[PDB]
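Everything on this sheet refers to the single structure shown next.
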Amino acid sequence: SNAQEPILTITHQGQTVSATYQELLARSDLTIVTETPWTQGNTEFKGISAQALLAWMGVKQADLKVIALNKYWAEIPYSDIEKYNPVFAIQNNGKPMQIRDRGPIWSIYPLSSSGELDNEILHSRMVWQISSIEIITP
Ligand SMILES: Nc1nc2ncc([C@H](O)[C@H](O)CO)nc2c(=O)[nH]1
């Protein structure tokens, strides 16, 4: 693959848009440094924040339905977007993520800085190998 191949589809109001790594990196507004239940120590995760992705799509309040390559899925509620602003990470310590290393996109919450490292609800919303995001409006 390469930085210009599509890796994500976003659906909003019955319309689908595709995005490449190159595109997502150009819109990457947030780095989260955090521990996770599946990694050692602190990791730096850079990508497009949930708030930034909604702004791009022309929405302020919405939930996100996130689906992974392996079919796992989880909905990120607006309340989490407001309170935690999780990042759709495309880099792990500054480099792209191979599918075999939870890539190409992984939703990451600021567990360390929010004191939520043991919060299983937030863990369940940290979806690796993301392939699609659907914006769910009220
Ligand atoms: N793609 C993908 N992402 C995941 N993210 C988090 C967790 C955690 O185990 C959750 O706590 C499970 O609900 N599981 C998964 C998973 O299986 N698949």
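Quick note on naming: the chains in the structure tokens go A, B, ... in the order shown, residues restart at 1 in each chain, and ligands are numbered from 1 in order of appearance.
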Problem - 10 Å shell around ligand 1 using only C-alpha atoms and all ligand atoms, listed as number ranges by chain - result: A: 37-38, 66-74, 102-103, 105-108, 119-131
Please, could you write that set of residues out with N, CA and C atoms as a PDB file, in the first residue's frame?
ATOM      1  N   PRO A  37      -4.342  -0.572  27.793  1.00  0.00           N
ATOM      2  CA  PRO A  37      -4.297  -1.916  28.338  1.00  0.00           C
ATOM      3  C   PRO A  37      -3.549  -2.922  27.470  1.00  0.00           C
ATOM      4  N   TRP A  38      -3.131  -2.536  26.248  1.00  0.00           N
ATOM      5  CA  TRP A  38      -2.531  -3.486  25.320  1.00  0.00           C
ATOM      6  C   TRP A  38      -1.139  -3.059  24.859  1.00  0.00           C
ATOM      7  N   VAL A  66     -18.161   3.104  14.667  1.00  0.00           N
ATOM      8  CA  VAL A  66     -16.841   2.778  14.162  1.00  0.00           C
ATOM      9  C   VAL A  66     -16.744   1.279  13.936  1.00  0.00           C
ATOM     10  N   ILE A  67     -16.396   0.872  12.706  1.00  0.00           N
ATOM     11  CA  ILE A  67     -16.303  -0.536  12.343  1.00  0.00           C
ATOM     12  C   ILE A  67     -14.877  -0.854  11.919  1.00  0.00           C
ATOM     13  N   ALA A  68     -14.391  -2.018  12.363  1.00  0.00           N
ATOM     14  CA  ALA A  68     -13.040  -2.476  12.099  1.00  0.00           C
ATOM     15  C   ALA A  68     -12.993  -3.561  11.025  1.00  0.00           C
ATOM     16  N   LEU A  69     -11.779  -3.781  10.501  1.00  0.00           N
ATOM     17  CA  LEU A  69     -11.524  -4.793   9.485  1.00  0.00           C
ATOM     18  C   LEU A  69     -12.056  -6.165   9.911  1.00  0.00           C
ATOM     19  N   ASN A  70     -11.910  -6.499  11.199  1.00  0.00           N
ATOM     20  CA  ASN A  70     -12.315  -7.794  11.734  1.00  0.00           C
ATOM     21  C   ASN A  70     -13.785  -7.795  12.171  1.00  0.00           C
ATOM     22  N   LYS A  71     -14.505  -6.698  11.900  1.00  0.00           N
ATOM     23  CA  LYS A  71     -15.945  -6.634  12.111  1.00  0.00           C
ATOM     24  C   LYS A  71     -16.340  -6.224  13.526  1.00  0.00           C
ATOM     25  N   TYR A  72     -15.364  -6.092  14.428  1.00  0.00           N
ATOM     26  CA  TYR A  72     -15.659  -5.490  15.716  1.00  0.00           C
ATOM     27  C   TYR A  72     -16.204  -4.097  15.419  1.00  0.00           C
ATOM     28  N   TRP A  73     -17.095  -3.603  16.271  1.00  0.00           N
ATOM     29  CA  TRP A  73     -17.599  -2.259  16.084  1.00  0.00           C
ATOM     30  C   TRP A  73     -17.967  -1.695  17.448  1.00  0.00           C
ATOM     31  N   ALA A  74     -17.944  -0.368  17.549  1.00  0.00           N
ATOM     32  CA  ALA A  74     -18.351   0.313  18.759  1.00  0.00           C
ATOM     33  C   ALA A  74     -18.791   1.718  18.384  1.00  0.00           C
ATOM     34  N   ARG A 102      -2.280  -3.121  14.333  1.00  0.00           N
ATOM     35  CA  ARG A 102      -3.507  -2.418  14.698  1.00  0.00           C
ATOM     36  C   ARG A 102      -3.875  -1.277  13.757  1.00  0.00           C
ATOM     37  N   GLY A 103      -3.206  -1.202  12.608  1.00  0.00           N
ATOM     38  CA  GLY A 103      -3.487  -0.160  11.643  1.00  0.00           C
ATOM     39  C   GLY A 103      -4.624  -0.524  10.695  1.00  0.00           C
ATOM     40  N   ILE A 105      -5.801   2.649  11.210  1.00  0.00           N
ATOM     41  CA  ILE A 105      -6.400   3.681  12.044  1.00  0.00           C
ATOM     42  C   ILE A 105      -6.854   3.019  13.341  1.00  0.00           C
ATOM     43  N   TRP A 106      -6.605   3.684  14.475  1.00  0.00           N
ATOM     44  CA  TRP A 106      -6.964   3.154  15.786  1.00  0.00           C
ATOM     45  C   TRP A 106      -7.526   4.299  16.618  1.00  0.00           C
ATOM     46  N   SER A 107      -8.762   4.171  17.129  1.00  0.00           N
ATOM     47  CA  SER A 107      -9.303   5.197  18.009  1.00  0.00           C
ATOM     48  C   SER A 107      -8.677   5.061  19.402  1.00  0.00           C
ATOM     49  N   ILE A 108      -8.205   6.204  19.911  1.00  0.00           N
ATOM     50  CA  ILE A 108      -7.442   6.273  21.148  1.00  0.00           C
ATOM     51  C   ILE A 108      -8.028   7.360  22.040  1.00  0.00           C
ATOM     52  N   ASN A 119     -10.636   1.942  32.743  1.00  0.00           N
ATOM     53  CA  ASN A 119     -12.038   2.081  32.365  1.00  0.00           C
ATOM     54  C   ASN A 119     -12.371   1.192  31.162  1.00  0.00           C
ATOM     55  N   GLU A 120     -13.044   0.065  31.419  1.00  0.00           N
ATOM     56  CA  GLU A 120     -13.347  -0.909  30.379  1.00  0.00           C
ATOM     57  C   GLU A 120     -14.317  -0.363  29.327  1.00  0.00           C
ATOM     58  N   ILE A 121     -15.180   0.587  29.696  1.00  0.00           N
ATOM     59  CA  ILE A 121     -16.086   1.188  28.729  1.00  0.00           C
ATOM     60  C   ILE A 121     -15.277   1.945  27.672  1.00  0.00           C
ATOM     61  N   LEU A 122     -14.301   2.743  28.111  1.00  0.00           N
ATOM     62  CA  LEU A 122     -13.489   3.464  27.140  1.00  0.00           C
ATOM     63  C   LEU A 122     -12.633   2.482  26.346  1.00  0.00           C
ATOM     64  N   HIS A 123     -12.116   1.430  26.986  1.00  0.00           N
ATOM     65  CA  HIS A 123     -11.343   0.464  26.219  1.00  0.00           C
ATOM     66  C   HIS A 123     -12.157  -0.074  25.045  1.00  0.00           C
ATOM     67  N   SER A 124     -13.455  -0.320  25.283  1.00  0.00           N
ATOM     68  CA  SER A 124     -14.325  -0.931  24.285  1.00  0.00           C
ATOM     69  C   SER A 124     -14.559  -0.021  23.078  1.00  0.00           C
ATOM     70  N   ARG A 125     -14.230   1.272  23.227  1.00  0.00           N
ATOM     71  CA  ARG A 125     -14.398   2.283  22.190  1.00  0.00           C
ATOM     72  C   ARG A 125     -13.074   2.648  21.513  1.00  0.00           C
ATOM     73  N   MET A 126     -11.998   1.952  21.888  1.00  0.00           N
ATOM     74  CA  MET A 126     -10.684   2.114  21.284  1.00  0.00           C
ATOM     75  C   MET A 126     -10.521   1.008  20.251  1.00  0.00           C
ATOM     76  N   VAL A 127     -11.068   1.265  19.070  1.00  0.00           N
ATOM     77  CA  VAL A 127     -11.190   0.295  18.004  1.00  0.00           C
ATOM     78  C   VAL A 127      -9.949   0.358  17.129  1.00  0.00           C
ATOM     79  N   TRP A 128      -9.236  -0.761  17.008  1.00  0.00           N
ATOM     80  CA  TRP A 128      -8.105  -0.823  16.094  1.00  0.00           C
ATOM     81  C   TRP A 128      -8.560  -1.344  14.732  1.00  0.00           C
ATOM     82  N   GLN A 129      -7.684  -1.157  13.739  1.00  0.00           N
ATOM     83  CA  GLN A 129      -7.924  -1.594  12.368  1.00  0.00           C
ATOM     84  C   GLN A 129      -9.252  -1.044  11.844  1.00  0.00           C
ATOM     85  N   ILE A 130      -9.498   0.243  12.080  1.00  0.00           N
ATOM     86  CA  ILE A 130     -10.726   0.866  11.621  1.00  0.00           C
ATOM     87  C   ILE A 130     -10.795   0.884  10.099  1.00  0.00           C
ATOM     88  N   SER A 131     -12.005   0.647   9.577  1.00  0.00           N
ATOM     89  CA  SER A 131     -12.256   0.717   8.147  1.00  0.00           C
ATOM     90  C   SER A 131     -13.385   1.691   7.803  1.00  0.00           C
TER      91      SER A 131
END
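Taking only C-alpha atoms, the non-local environment of region 79-89 of chain A within 7 Å (same-chain residues fewer than 4 positions away omitted) comprises residues 30, 45, 46, 47, 48, 49, 50, 51, 105, 106, 107, 108, 109 and 110 of chain A.
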Practice task
Would you please extract all alpha helix (DSSP H) residues from region 94-131 of chain A, as assigned by DSSP on the backbone, and give them as a PyMOL selection string?
Solution key: chain A and resi 111-114+120-123
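The list of residues with at least one atom within 8 Å of region 6-9 of chain A, based on only C-alpha atoms and without residues fewer than 3 positions apart in the same chain, reads residues 16, 17, 18, 19, 20, 21, 104, 130, 131, 132 and 133 of chain A.
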Exercise for the section: List every residue of chain A that DSSP, applied to the backbone of this structure, assigns to strand (DSSP E), and report them as a ChimeraX atom specification. Expected result: /A:6-12,15-20,30-34,43-49,63-68,73-76,87-92,95-96,106-108,130-136
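Here CA of residue 78 (chain A) and CA of residue 136 (chain A) stand 9.5 Å from one another.
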Completion exercise
note - CA of residue 35 (chain A) and CA of residue 53 (chain A) are separated by 23.4 Å
